[PDB]
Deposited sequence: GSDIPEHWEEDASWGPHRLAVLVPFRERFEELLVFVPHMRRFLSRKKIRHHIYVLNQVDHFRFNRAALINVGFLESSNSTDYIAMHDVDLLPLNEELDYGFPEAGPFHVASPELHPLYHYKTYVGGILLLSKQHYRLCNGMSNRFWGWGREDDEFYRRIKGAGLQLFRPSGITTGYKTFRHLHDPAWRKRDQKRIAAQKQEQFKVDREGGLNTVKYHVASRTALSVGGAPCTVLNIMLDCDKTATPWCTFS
């Protein structure tokens, strides 16, 4: 079923920021069906205003998460002022995870001490929140990886290079049960200001009543610069 409960309604007590949840996506139908209402629930109990954007890559190039996140940033509503780059299959179970506006610096929700798998100090993946100003300060993510290498560690380099520091949950006592987990040297130049794309369609989707926006994105690839985008 699809009724909308009361606690999904916003009021003046939720405060002033609004989160764009940017979900890069390919063939994760099953996980999405759990994810959209899970997050609507989780965030709405925490009084976090949000909109969820499923970034659906429908060109026939290799899957380029980073490039998709750049598009999500660019296509998200101007009423959102921070983003959460958020894997579709990592669900937060702990109400103390801070998905609030990360004013001091990028906030890595899925820290290695909390992730069910990954465990190294500069692991930057899974769930990462930045203010739109900070994401712009970093020039967003590299578009050049096309699924190869570690686009996340390159992002960590952009964060430090921009003068920012990274913060992580403190005082969290659940462990590898904090989340439910459902189951390359390129040029440094470019990112948010060089991503090329178009949106083939936008679709309003409700999942048991919980809304999200599906963006069907066609990324362009300059095959002379990154021929390997075709290598799929």
| property | result |
| --- | --- |
| Deposited residues absent from the coordinates (by C-alpha) | 184-202 |
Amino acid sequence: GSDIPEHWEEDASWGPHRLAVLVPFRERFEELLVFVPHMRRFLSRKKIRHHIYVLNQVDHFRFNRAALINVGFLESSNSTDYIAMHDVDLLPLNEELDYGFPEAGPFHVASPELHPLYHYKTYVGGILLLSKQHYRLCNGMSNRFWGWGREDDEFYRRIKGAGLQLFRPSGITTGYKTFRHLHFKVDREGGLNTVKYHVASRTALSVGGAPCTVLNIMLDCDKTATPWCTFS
From here on, numbers count along this sequence of modelled residues.
item	value
Mean temperature factor over C-alpha atoms, higher-scoring stretch between 47-55 and 62-70	62-70
Per the entry, higher mean C-alpha B factor between 9-17 and 219-227	219-227
Highest-ranked of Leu182, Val36, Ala204, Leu164 once sorted by CA temperature factor in the record	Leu182
From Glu75, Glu103, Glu113, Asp87, residue of greatest CA B-factor	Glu113
Modelled-residue ranking by C-alpha temperature factor, third containing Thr122	highest
B-factor third for the C-alpha atom of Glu30 within its chain	middle
Chain-relative CA temperature factor third for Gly140	lowest
Where the record places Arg168 (Cα B-factor, split into thirds across the chain)	middle
Third of the chain, ranked by Cα B-factor, where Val186 sits	highest
